[PDB]
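A.B. asks: One structure is given below, represented as structure tokens, and several questions about it will come after.
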Amino acid sequence: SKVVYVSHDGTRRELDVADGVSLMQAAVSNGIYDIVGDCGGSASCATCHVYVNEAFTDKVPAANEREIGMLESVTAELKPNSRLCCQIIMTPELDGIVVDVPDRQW
Amino acid sequence: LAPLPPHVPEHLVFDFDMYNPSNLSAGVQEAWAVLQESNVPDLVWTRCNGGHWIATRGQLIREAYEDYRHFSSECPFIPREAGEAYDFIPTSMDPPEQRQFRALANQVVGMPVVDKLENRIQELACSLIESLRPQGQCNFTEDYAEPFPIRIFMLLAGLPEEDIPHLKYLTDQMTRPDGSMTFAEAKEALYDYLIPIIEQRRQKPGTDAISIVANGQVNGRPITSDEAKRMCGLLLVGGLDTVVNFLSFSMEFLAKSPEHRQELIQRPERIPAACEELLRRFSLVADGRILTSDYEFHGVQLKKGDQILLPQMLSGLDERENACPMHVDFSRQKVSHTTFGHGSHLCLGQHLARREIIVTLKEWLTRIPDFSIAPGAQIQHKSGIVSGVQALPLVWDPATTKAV
Ligand code: HEM
Ligand SMILES: CC1(C)[C@@H]2CC[C@@]1(C)C(=O)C2
Ligand code: FES
């Protein structure tokens, strides 16, 4: 399914992610900008922070207790559509989802 | 054996020695797996090495590494004295604070440095293997497992290769001590080597990893010479005693299984899936935490100050996590393991490790597709914070190899 990553400078990158893959693994595996994914995707860090496009936020299953806690420490501005992309598993219902990546993760 | 403490019940005692397990001759992963036999409880107490708890199942090991409020990383090694002397810097800390040091360490061993070293890692792997190809034999631990990943780290840290046998000795006393040095003496000797190099690189900062850590910032402020020394010490041990040991466990298995060698030669794009399955079957790290207060965990009462060894190698070997855990299946659908750690201390150099493992398997099978253990040789392993292989003599017909 298609997933678009817009960077801080305004660059756009489109990937074809299969089902079961988290947006963090797809971004790190394709050298996408700024996303680090240091903890490995276990919601124990905040370097995979992204802003899900307002039109897809209700198509993704909300953050759990661990992600809400880690989102309280993101270095970039915290928006109401902010999510640790390692928690978003790709499905064909999210085809075309767009997420903006903040240039500050650490 | 240390005298059983009065809050530990007699029925939870299992004297397992992590530096010299009783079944080490059958394989160190097999030696640690005796803790998972039907008759052993999920959490036991061993009177060996001063006395400490051991979580034997993945559920308990993952849960303890997630809860840093009860299990602290302040004292993580197991002669109660090595854990107290341990003070490297994204590990001896609990995470409000520990988090700011992980970003600086990521700058020197994370993906951004793997991309800077991509060409040199591929060139050294091909050069070391092509030089061995026509010999038809080699001592894998000294001819490749040590020089490949240690020379790349010395290049990444800007240190001269002539210092490898002094550093490799200090790092090995902190994981598998032979008795000549305590953990504190080896750690202070490693700091003694880094102190004058960190001050020189703070005056003239260059491009190597020690210059970046010594002149780096943590959450907007500049790191102190002491913090840089405690972080550089951890990078040296991780660069000289982790992939070096895992490469030998993996090559020993491939040498003893020609069906697995054929699977990767026929389909080389399965090597990074095979690398993960080998990381699970041949996991080799086992440190732990200390209780911050009295706490009942899975029906057992732990006391403040108690040390509990949460061995990362046991989670992937647990049958409750993977069926037929001792069998290596490159196609295993769910390869679950904590080989690179679990919780907020996840390995920061796992990307450099995966790259060195995958480049070694692909470039070795391309030049030397068929090889076996030297005839008559019985491979011996060693245990400690990081397990390893004492020696791995391999042989092959140089008429079946091919120069690229
Ligand atoms: C097969 C190779 C490797 C294995 C199995 C491995 C395993 C581990 C484990 C289990 C931990 C967590 C320890 C704890 O929670 O107490 C860890 C942490 C760490 N490793 Fe790796 N490691 C490997 C390679 C490397 C390399 C090559 C480096 C480069 C220096 C490295 C650097 C680190 C660092 C800096 C940490 C600390 C993270 C923190 O405490 O926040 N490791 N490693
Ligand atoms: C347990 C480890 C492998 C992890 C990195 C090196 C090591 C020995 C440490 O002291 C932390
Ligand atoms: S990669 Fe750590 S929280 Fe997403």
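Identifiers for the structure tokens are assigned positionally: chains receive A, B, ... in sequence, residues are indexed from 1 per chain, and ligands are indexed from 1 in the order shown.
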Find the residues around residue 125 (chain B) up to 9 Å (only C-alpha atoms counted), leave out those fewer than 4 positions away in its own chain, and share them as number ranges by chain.
C.D. replies: B: 120-121, 129-130, 144, 148, 356, 359-360, 363-364
A.B. asks: Limited to N, CA and C atoms, could you put the picked residues into a file as a PDB file, in the first residue's frame?
C.D. replies:
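The resulting again_1.pdb:
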```pdb
ATOM      1  N   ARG B 120      34.032   0.589   3.556  1.00  0.00           N
ATOM      2  CA  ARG B 120      35.150  -0.101   4.289  1.00  0.00           C
ATOM      3  C   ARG B 120      34.699  -1.442   4.887  1.00  0.00           C
ATOM      4  N   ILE B 121      33.463  -1.559   5.339  1.00  0.00           N
ATOM      5  CA  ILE B 121      33.004  -2.870   5.922  1.00  0.00           C
ATOM      6  C   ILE B 121      32.979  -3.933   4.817  1.00  0.00           C
ATOM      7  N   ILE B 129      38.599 -12.509   3.565  1.00  0.00           N
ATOM      8  CA  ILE B 129      38.167 -13.855   3.055  1.00  0.00           C
ATOM      9  C   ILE B 129      38.951 -14.265   1.799  1.00  0.00           C
ATOM     10  N   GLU B 130      39.227 -13.348   0.898  1.00  0.00           N
ATOM     11  CA  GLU B 130      39.998 -13.729  -0.335  1.00  0.00           C
ATOM     12  C   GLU B 130      41.410 -14.168   0.052  1.00  0.00           C
ATOM     13  N   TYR B 144      39.318 -14.071  11.342  1.00  0.00           N
ATOM     14  CA  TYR B 144      38.220 -13.204  10.801  1.00  0.00           C
ATOM     15  C   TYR B 144      37.289 -12.662  11.903  1.00  0.00           C
ATOM     16  N   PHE B 148      37.896  -8.609  11.674  1.00  0.00           N
ATOM     17  CA  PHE B 148      36.877  -7.898  10.817  1.00  0.00           C
ATOM     18  C   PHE B 148      36.110  -6.813  11.590  1.00  0.00           C
ATOM     19  N   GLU B 356      27.402  -6.181   9.727  1.00  0.00           N
ATOM     20  CA  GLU B 356      28.659  -6.993   9.753  1.00  0.00           C
ATOM     21  C   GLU B 356      28.334  -8.487   9.634  1.00  0.00           C
ATOM     22  N   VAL B 359      26.975  -9.053   5.862  1.00  0.00           N
ATOM     23  CA  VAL B 359      28.088  -8.928   4.864  1.00  0.00           C
ATOM     24  C   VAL B 359      29.037 -10.132   4.988  1.00  0.00           C
ATOM     25  N   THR B 360      29.239 -10.630   6.187  1.00  0.00           N
ATOM     26  CA  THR B 360      30.145 -11.805   6.374  1.00  0.00           C
ATOM     27  C   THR B 360      29.514 -13.058   5.747  1.00  0.00           C
ATOM     28  N   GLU B 363      29.436 -12.566   1.717  1.00  0.00           N
ATOM     29  CA  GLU B 363      30.792 -12.599   1.071  1.00  0.00           C
ATOM     30  C   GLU B 363      31.548 -13.903   1.368  1.00  0.00           C
ATOM     31  N   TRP B 364      31.274 -14.567   2.468  1.00  0.00           N
ATOM     32  CA  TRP B 364      31.998 -15.845   2.739  1.00  0.00           C
ATOM     33  C   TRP B 364      31.417 -16.958   1.857  1.00  0.00           C
TER      34      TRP B 364
END
```
A.B. asks: Would you mind writing down, as an MDAnalysis selection string, each residue of region 210-287 of chain B that DSSP on the backbone assigns to strand (DSSP E)?
C.D. replies: chainID B and resid 217:218 221:222 287
A.B. asks: So, with only C-alpha atoms and all ligand atoms as the atoms that count, which of B:90, B:388, B:258, B:268 lies closest to ligand 1?
C.D. replies: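 Answer, going by the shortest atom-to-atom distance: B:90.
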A.B. asks: Write out as a list in words each polymer residue whose atoms come within 6 Å of region 1-6 of chain A, counting only C-alpha atoms; drop sequence neighbours fewer than 5 positions from it.
C.D. replies: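 Using only C-alpha atoms, the neighbours found are residues 11, 12, 13, 14, 15, 16, 17, 92, 95, 96, 97, 98, 99 and 100 of chain A.
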A.B. asks: Can I get the selected residues back with C-alpha atoms, as an mmCIF file, in the first residue's frame?
C.D. replies:
```cif
data_model
loop_
_atom_site.group_PDB
_atom_site.id
_atom_site.type_symbol
_atom_site.label_atom_id
_atom_site.label_comp_id
_atom_site.auth_asym_id
_atom_site.auth_seq_id
_atom_site.Cartn_x
_atom_site.Cartn_y
_atom_site.Cartn_z
ATOM 1 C CA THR A 11 10.527 16.877 0.601
ATOM 2 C CA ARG A 12 8.079 14.069 -0.313
ATOM 3 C CA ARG A 13 8.936 10.320 -0.432
ATOM 4 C CA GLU A 14 6.414 7.599 -1.461
ATOM 5 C CA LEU A 15 6.821 3.882 -0.557
ATOM 6 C CA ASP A 16 4.799 0.707 -1.259
ATOM 7 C CA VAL A 17 4.591 -0.945 2.192
ATOM 8 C CA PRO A 92 -4.615 -1.767 2.650
ATOM 9 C CA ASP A 95 -3.424 3.092 1.407
ATOM 10 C CA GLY A 96 -2.271 6.641 0.546
ATOM 11 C CA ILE A 97 -1.719 7.729 4.209
ATOM 12 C CA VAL A 98 0.588 10.769 4.545
ATOM 13 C CA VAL A 99 2.704 11.597 7.621
ATOM 14 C CA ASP A 100 4.926 14.645 8.197
#
```
A.B. asks: Find the residues of chain A that sit at most 9 Å from chain B; for each, write down the nearest two atoms and how far apart they are in Å, to one decimal. Count only C-alpha atoms. Sort by chain, then by number going up, and give it as CSV.
C.D. replies:
```
residue,atom,partner,partner_atom,distance
A:28,CA,B:111,CA,8.8
A:36,CA,B:111,CA,8.3
A:38,CA,B:348,CA,6.7
A:39,CA,B:346,CA,5.4
A:40,CA,B:346,CA,7.2
A:42,CA,B:343,CA,7.3
A:43,CA,B:343,CA,8.6
A:44,CA,B:344,CA,5.3
A:45,CA,B:344,CA,6.8
A:105,CA,B:103,CA,8.8
A:106,CA,B:103,CA,5.4
```
A.B. asks: With only C-alpha atoms and all ligand atoms as the basis for distance, which of A:69, A:80, A:37, A:102 is at the shortest distance from ligand 3?
C.D. replies: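 That would be A:37, the residue with the smallest distance to ligand 3.
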A.B. asks: Which residue gives the smallest distance to ligand 3 among A:78, A:94, A:55, A:88, with only C-alpha atoms and all ligand atoms counted?
C.D. replies: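 Looking at the shortest contact to ligand 3, the residue is A:88.
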A.B. asks: Given a cut-off of 8 Å, what residues near ligand 2 show up using only C-alpha atoms and all ligand atoms, put as a PyMOL selection string?
C.D. replies: chain B and resi 86+88+91+174-175+234-235+237-238+241-242+285-287+347+385-386
A.B. asks: What lies within 9 Å of region 314-331 of chain B using only C-alpha atoms, ignoring chain neighbours under 4 positions off, as a PyMOL selection string?
C.D. replies: chain B and resi 29-30+32-33+35-36+55-62+260+263+270-271+273-283+286+310+335-339
A.B. asks: Select from region 8-249 of chain B everything DSSP, run on the backbone, classes as helix (DSSP H, G or I), then give the selection as a PyMOL selection string.
C.D. replies: chain B and resi 10-12+24-26+28-36+48-50+58-66+80-85+99-109+111-116+118-135+140-145+147-157+161-175+183-203+209-214+225-240+243-249
A.B. asks: Grab the residues selected above and save them as a CSV table (one decimal), in the first residue's frame with C-alpha atoms.
C.D. replies:
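Saved the output as result-v6.csv:
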```
chain,number,residue,atom,x,y,z
B,10,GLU,CA,14.7,-23.5,49.7
B,11,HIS,CA,12.5,-24.8,46.9
B,12,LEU,CA,13.6,-21.9,44.5
B,24,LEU,CA,29.0,-26.2,28.8
B,25,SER,CA,30.4,-29.2,26.8
B,26,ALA,CA,27.0,-29.7,25.0
B,28,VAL,CA,26.7,-22.8,26.0
B,29,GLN,CA,23.1,-22.1,24.7
B,30,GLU,CA,22.3,-25.7,25.6
B,31,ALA,CA,24.0,-25.2,29.0
B,32,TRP,CA,21.8,-22.1,29.9
B,33,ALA,CA,18.7,-23.9,28.5
B,34,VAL,CA,18.8,-26.5,31.4
B,35,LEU,CA,17.1,-23.7,33.4
B,36,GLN,CA,14.1,-24.2,31.1
B,48,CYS,CA,26.9,-19.2,42.8
B,49,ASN,CA,28.8,-15.8,42.2
B,50,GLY,CA,27.5,-14.2,45.5
B,58,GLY,CA,11.0,-14.9,28.1
B,59,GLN,CA,7.7,-13.5,29.7
B,60,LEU,CA,9.6,-12.8,33.0
B,61,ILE,CA,12.7,-11.4,31.3
B,62,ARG,CA,10.7,-9.0,29.0
B,63,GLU,CA,8.5,-7.9,31.9
B,64,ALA,CA,11.5,-7.1,34.2
B,65,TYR,CA,13.4,-5.1,31.5
B,66,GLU,CA,10.2,-3.1,30.8
B,80,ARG,CA,27.9,-8.0,43.4
B,81,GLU,CA,31.2,-6.0,43.1
B,82,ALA,CA,31.3,-5.8,39.2
B,83,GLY,CA,27.8,-4.4,39.0
B,84,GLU,CA,28.6,-1.7,41.6
B,85,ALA,CA,31.8,-0.7,39.7
B,99,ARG,CA,17.5,8.9,27.3
B,100,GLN,CA,19.6,12.1,26.6
B,101,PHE,CA,22.9,10.0,26.2
B,102,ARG,CA,21.4,7.6,23.7
B,103,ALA,CA,21.2,10.2,20.9
B,104,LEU,CA,24.9,11.0,21.2
B,105,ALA,CA,25.8,7.3,21.1
B,106,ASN,CA,23.5,6.9,18.0
B,107,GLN,CA,25.7,9.5,16.2
B,108,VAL,CA,28.8,7.3,16.4
B,109,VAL,CA,27.4,3.6,16.1
B,111,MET,CA,22.7,3.9,11.1
B,112,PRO,CA,24.3,7.2,10.1
B,113,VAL,CA,27.8,5.7,10.9
B,114,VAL,CA,26.9,2.4,9.2
B,115,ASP,CA,26.3,4.4,6.0
B,116,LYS,CA,29.7,6.2,6.5
B,118,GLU,CA,29.5,0.8,4.2
B,119,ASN,CA,32.4,0.8,1.7
B,120,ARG,CA,35.2,-0.1,4.3
B,121,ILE,CA,33.0,-2.9,5.9
B,122,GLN,CA,32.4,-4.5,2.5
B,123,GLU,CA,36.1,-4.1,1.4
B,124,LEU,CA,37.6,-5.6,4.6
B,125,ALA,CA,35.2,-8.6,4.6
B,126,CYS,CA,36.1,-9.4,1.0
B,127,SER,CA,39.9,-8.8,1.5
B,128,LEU,CA,40.1,-11.0,4.7
B,129,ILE,CA,38.2,-13.9,3.1
B,130,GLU,CA,40.0,-13.7,-0.3
B,131,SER,CA,43.3,-14.0,1.5
B,132,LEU,CA,42.1,-17.1,3.4
B,133,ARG,CA,40.3,-18.7,0.4
B,134,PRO,CA,43.4,-20.4,-1.2
B,135,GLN,CA,44.6,-21.8,2.1
B,140,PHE,CA,38.1,-18.4,12.3
B,141,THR,CA,38.2,-16.7,15.7
B,142,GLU,CA,41.7,-15.2,15.1
B,143,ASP,CA,41.6,-14.9,11.3
B,144,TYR,CA,38.2,-13.2,10.8
B,145,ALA,CA,35.8,-13.1,13.8
B,147,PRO,CA,40.0,-8.6,13.0
B,148,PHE,CA,36.9,-7.9,10.8
B,149,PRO,CA,34.6,-6.2,13.4
B,150,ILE,CA,37.5,-4.9,15.7
B,151,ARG,CA,39.5,-3.3,12.8
B,152,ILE,CA,36.3,-1.5,11.7
B,153,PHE,CA,35.7,-0.2,15.2
B,154,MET,CA,39.3,1.0,15.6
B,155,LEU,CA,38.8,2.8,12.2
B,156,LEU,CA,35.5,4.3,13.5
B,157,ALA,CA,37.2,5.4,16.8
B,161,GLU,CA,45.4,-1.3,15.4
B,162,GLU,CA,48.6,-1.9,17.4
B,163,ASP,CA,46.4,-1.3,20.5
B,164,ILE,CA,43.9,-4.1,19.8
B,165,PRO,CA,45.6,-6.9,21.9
B,166,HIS,CA,45.8,-4.5,24.9
B,167,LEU,CA,42.1,-3.4,24.6
B,168,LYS,CA,40.7,-6.8,23.6
B,169,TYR,CA,42.3,-8.2,26.8
B,170,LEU,CA,40.7,-5.5,29.1
B,171,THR,CA,37.2,-5.9,27.5
B,172,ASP,CA,37.4,-9.7,27.9
B,173,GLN,CA,38.1,-9.4,31.6
B,174,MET,CA,34.8,-7.5,32.0
B,175,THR,CA,32.7,-10.2,30.3
B,183,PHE,CA,35.9,-5.9,36.7
B,184,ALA,CA,36.9,-2.6,38.4
B,185,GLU,CA,40.6,-3.0,37.6
B,186,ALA,CA,39.9,-3.7,33.9
B,187,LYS,CA,37.4,-0.8,33.7
B,188,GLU,CA,39.8,1.7,35.3
B,189,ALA,CA,42.6,0.5,32.9
B,190,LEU,CA,40.3,1.1,29.9
B,191,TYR,CA,39.5,4.6,31.3
B,192,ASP,CA,43.3,5.2,31.8
B,193,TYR,CA,43.7,4.5,28.0
B,194,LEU,CA,40.8,6.9,27.0
B,195,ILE,CA,41.5,9.9,29.4
B,196,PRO,CA,44.4,11.5,27.5
B,197,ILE,CA,42.8,10.7,24.1
B,198,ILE,CA,39.5,12.4,25.1
B,199,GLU,CA,41.3,15.6,26.2
B,200,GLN,CA,43.4,15.8,23.1
B,201,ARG,CA,40.3,15.4,20.9
B,202,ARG,CA,38.4,18.0,23.0
B,203,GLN,CA,41.3,20.5,22.2
B,209,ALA,CA,33.7,8.6,17.3
B,210,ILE,CA,35.7,9.6,20.4
B,211,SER,CA,36.0,13.2,19.1
B,212,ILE,CA,32.2,13.3,18.4
B,213,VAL,CA,31.3,11.9,21.9
B,214,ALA,CA,33.9,14.1,23.8
B,225,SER,CA,35.0,14.7,30.2
B,226,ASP,CA,33.8,12.1,32.8
B,227,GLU,CA,30.6,11.4,30.9
B,228,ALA,CA,32.5,11.1,27.6
B,229,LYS,CA,34.9,8.6,29.2
B,230,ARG,CA,32.0,6.5,30.6
B,231,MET,CA,30.3,6.4,27.2
B,232,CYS,CA,33.6,5.7,25.1
B,233,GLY,CA,34.4,2.8,27.5
B,234,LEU,CA,31.0,1.2,26.7
B,235,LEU,CA,31.6,1.6,22.9
B,236,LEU,CA,35.0,-0.1,23.1
B,237,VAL,CA,33.5,-3.2,24.8
B,238,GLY,CA,30.6,-3.3,22.4
B,239,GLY,CA,32.9,-3.0,19.4
B,240,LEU,CA,35.5,-5.6,20.7
B,243,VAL,CA,29.8,-9.4,17.0
B,244,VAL,CA,33.3,-11.0,17.4
B,245,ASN,CA,31.7,-13.8,19.4
B,246,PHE,CA,28.4,-14.1,17.5
B,247,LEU,CA,30.2,-14.5,14.1
B,248,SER,CA,31.9,-17.7,15.4
B,249,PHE,CA,28.6,-19.3,16.8
```
A.B. asks: One number please: CA of residue 19 (chain B) to CA of residue 311 (chain B), in Å, one decimal.
C.D. replies: 12.6 Å
A.B. asks: Would you mind reading off the distance between CA of residue 4 (chain B) and CA of residue 41 (chain B), one decimal, in Å?
C.D. replies: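 Distance between the two atoms: 17.3 Å.
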A.B. asks: Could you tell me how far CA of residue 76 (chain A) lies from CA of residue 7 (chain A), in Å and to one decimal?
C.D. replies: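 Distance reported for this atom pair: 12.9 Å.
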